[PDB]
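A.B. asks: Build me a model:
(chains A, B, C and D)
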Amino acid sequence: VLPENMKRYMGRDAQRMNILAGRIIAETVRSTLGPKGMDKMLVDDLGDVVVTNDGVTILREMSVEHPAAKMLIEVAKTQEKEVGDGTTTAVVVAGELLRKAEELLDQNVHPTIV
Amino acid sequence: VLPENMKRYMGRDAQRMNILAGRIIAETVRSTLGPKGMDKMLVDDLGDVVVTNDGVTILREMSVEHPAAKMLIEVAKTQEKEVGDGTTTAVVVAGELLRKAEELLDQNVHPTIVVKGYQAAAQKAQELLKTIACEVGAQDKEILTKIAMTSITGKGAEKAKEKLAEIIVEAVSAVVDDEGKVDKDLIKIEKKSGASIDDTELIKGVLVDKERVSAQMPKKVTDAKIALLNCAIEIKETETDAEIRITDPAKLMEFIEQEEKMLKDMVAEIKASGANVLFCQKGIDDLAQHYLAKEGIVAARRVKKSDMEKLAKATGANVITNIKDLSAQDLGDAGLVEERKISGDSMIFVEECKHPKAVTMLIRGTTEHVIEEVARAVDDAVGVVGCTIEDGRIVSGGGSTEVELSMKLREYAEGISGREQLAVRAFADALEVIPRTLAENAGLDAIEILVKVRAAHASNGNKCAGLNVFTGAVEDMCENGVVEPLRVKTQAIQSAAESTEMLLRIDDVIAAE
Amino acid sequence: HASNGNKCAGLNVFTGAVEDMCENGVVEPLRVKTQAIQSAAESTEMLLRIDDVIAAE
Amino acid sequence: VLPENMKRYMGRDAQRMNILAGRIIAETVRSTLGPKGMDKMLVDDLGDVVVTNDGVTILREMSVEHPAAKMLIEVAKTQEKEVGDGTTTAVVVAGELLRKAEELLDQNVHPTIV
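C.D. replies: Numbering: from 1, shown residues only, chains lettered A, B, ... in the order given. Coordinates below:
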């Protein structure tokens, strides 16, 4: 049905992959979160240097490959358009909130409840 | 310096990779952990199928590639060599313990502190177990019946849990002698499909799956005098090569009559002892069977050497080598020796022994698989009764220990203060995995159960709580006789911590490509 | 079968119509059917017990 | 962890594949089942001809590739060793019984109940 080369994950595999990708990004940016949060230095393949704390900027500039990681990038952009601030906060909090929520799923608590 | 192709990770990268690999394995096996743990089916590239719960087996058979994953495999093997059990437990617990420990590292708590706090809390955990343990009379009739009956309940055999609990306690109590060491070798389990579970019984004697070799033998003997011989009742020959050199016709008769007398004297001597039952290890010539039968002596031939020894122990007969040495003091007693048909098959019953040191529990059931499970049910009941007889200590289950420990350790943590309190606090929080997976594997709400149980335990006490997975509600663990040996929990902690300490000691990981 | 009873029914493949099985002496041993069910169910239970399938390439 | 080349299915994917493979085999042999059941003619790559009704024989002779189909072959052999007859019956009945059972799983009826 699908063109050879296309890859698909479903059910608990789709969930595991998506959560894990989101979590790793969250761990990368969480070090900037808060009054005592620090900054990153990103040097592209061209030599240009960007030093920022902004979650969108960091994620926009970096060159992601994984489709699941590319889908999370949309979250960061929508957060900026809608609210402005809370980009790093929303990603980090959203990750932990999803992780803790999945512990309930494993306990068989319908996600509509959580 | 290093050959191109070699790969190396160091510092926090070496740590991240190693932990993550270990954790994923732990998640793979953790689904087997516990009474409600399930099994896996592994089908190799050849077609062979293995269905097991054993952590080592699963990991040994699978074909790992990653070096870090290959290094963890050594942990599982060492766990088997050192302790035997706790392979899955140690890996799963070790993983979470390492994960929670790394959260402290990120907080900048020196790993020497974390490891020390765990050691300290672990040693204190054993003391607390000894303290909360409820001491009982090793041979208390009533409490023993609860151990027995508690095991039997929830099984096919529960229909006759009262009678079965009775026979099981009695069997162990009889063979244990003093208070006490038990040898489960003195309790035989014979299982034959037919009848129902209600027909199951205990026999203060032995049930042998043999027949009376000759038809002409008596079908009933009362106040039987049993003889246990291991030497064959045949014409003995010298070790040195010999041969008769006949030189007169008178000798053709002389020797024949000589061998007849020797044979008759043999048999005559057995009878002279007053024996009416004889167990021979080797063969019995047909003619000997004939005389034995005419004397109303019951005989059995071709008995196993190991069986000859079990027969001596059970019946209380003394194995004699030379008939010359046999005396009345060597005779054993059996209240009854009788041929019975069980599921059509003929078997011999040695029952009504005075004070038997070996008993048999004949199991009946509507199926082979049923009597097999009933046998397992008893193997456990004997086991747990044995644990209590040797260690007059019992304790509530359903994760009650870990909850007691979590409480007391938290207070102890506050007493110690400093960073060390965080390490002892994490140990107390780590103990919760047991409650967590008990209810998870049971399909109970892990969060809600724990909240209800802990609250109820804090109110009703120690012997008025635990989880009852069967009814899915708090109960009285003591009233329900749902107890385990302290040794189970104590050894589990000991072996578990020593493995965790080994991992915690590593501050450098160098894996080749 | 619900009307005529137990010994006044069955299928008669030969005439392609209901008959009297008893009158026609079209009977089989109980053991055929009993053993068939027993062995059949024990195999189904083995399959039903599997909750994990790991097949190599 | 696993050698590149190894393939794995899990959860509902492992279940779907296994059931489907078993069912197709059942449809192949079910045409022999019963007093009015017919026979098959199997001609190997060598020219040898076998005409039988036996489920084991048909499955033993044929050259299967799929691992899931190879695992079901063991069922047919164990059926022969244990009971003798009911090889075709057990496979066909087992397939439908499993199919109808999965309809209950989709309804969220714990397999321990079914």
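
A.B. asks: does chain B sit close to the top helix by length along chain A?
C.D. replies: Looking across chain A with DSSP state H, the single longest helix is helix A:87-106. Yes. Helix A:87-106 is in contact with chain B by C-beta under 8 Å from any C-beta of the partner chain, via A:104, A:106. All C-beta atoms are positioned from the backbone trio N, CA, C, and that covers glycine.

A.B. asks: name the helices or strands packed onto that helix?
C.D. replies: Under the contact criterion of 3 or more C-beta pairs under 8 Å, 6 or more residues apart in numbering or on different chains; DSSP states H and E, helix A:87-106 touches helix A:12-29, helix A:55-61, helix A:67-82.

A.B. asks: export that helix as CSV, just CAs?
C.D. replies: Taking Å, rounded to 0.1, in the frame of the first residue of the first chain, the C-alpha atoms of helix A:87-106 are listed here in CSV:
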residue,chain,number,x,y,z
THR,A,87,8.7,28.2,25.3
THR,A,88,11.4,26.4,27.3
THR,A,89,9.0,26.1,30.4
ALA,A,90,6.2,24.5,28.3
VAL,A,91,8.5,22.0,26.6
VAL,A,92,10.2,20.9,29.9
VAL,A,93,7.0,20.8,31.9
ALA,A,94,5.1,19.1,29.0
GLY,A,95,7.8,16.4,28.9
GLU,A,96,7.7,15.5,32.6
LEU,A,97,3.9,15.8,32.6
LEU,A,98,3.7,13.3,29.7
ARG,A,99,6.2,11.0,31.4
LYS,A,100,4.3,11.0,34.7
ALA,A,101,1.1,10.6,32.7
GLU,A,102,2.4,7.5,31.0
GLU,A,103,3.1,5.9,34.4
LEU,A,104,-0.7,6.1,34.9
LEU,A,105,-1.4,4.6,31.4
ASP,A,106,0.8,1.6,32.4
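
A.B. asks: quick one: it to chain centroid distance?
C.D. replies: 11 Å (C-alpha atoms, centre = their mean, to the nearest Å).

A.B. asks: so what's residue A:89 up against?
C.D. replies: Taking C-beta atoms under 8 Å, 6 or more residues apart in numbering or on different chains, we find residue A:89 in contact with residue A:33.

A.B. asks: Look up how far residue A:78 lies from it.
C.D. replies: Using C-beta to C-beta, to the nearest Å, residue A:89 is found at 14 Å from residue A:78.

A.B. asks: mind listing what's buried in the longest helix of chain A?
C.D. replies: A:87, A:88, A:89, A:90, A:91, A:92, A:94, A:95, A:98, A:102, A:104 (16 or more other C-beta atoms under 10 Å in any protein chain shown).

A.B. asks: C-alpha coordinates for stretch A:21-34, CSV please?
C.D. replies: C-alpha atoms of stretch A:21-34 as CSV (Å, rounded to 0.1, in the frame of the first residue of the first chain):
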residue,chain,number,x,y,z
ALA,A,21,12.4,12.3,21.5
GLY,A,22,10.5,15.1,23.2
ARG,A,23,12.1,14.3,26.6
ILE,A,24,15.7,14.4,25.2
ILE,A,25,15.0,17.9,23.7
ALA,A,26,13.6,19.0,27.1
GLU,A,27,16.8,17.8,28.9
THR,A,28,18.8,19.9,26.4
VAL,A,29,17.0,23.1,27.0
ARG,A,30,16.0,22.7,30.7
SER,A,31,19.5,24.0,31.7
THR,A,32,18.4,27.5,30.6
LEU,A,33,15.1,27.5,32.5
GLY,A,34,14.9,29.8,35.5
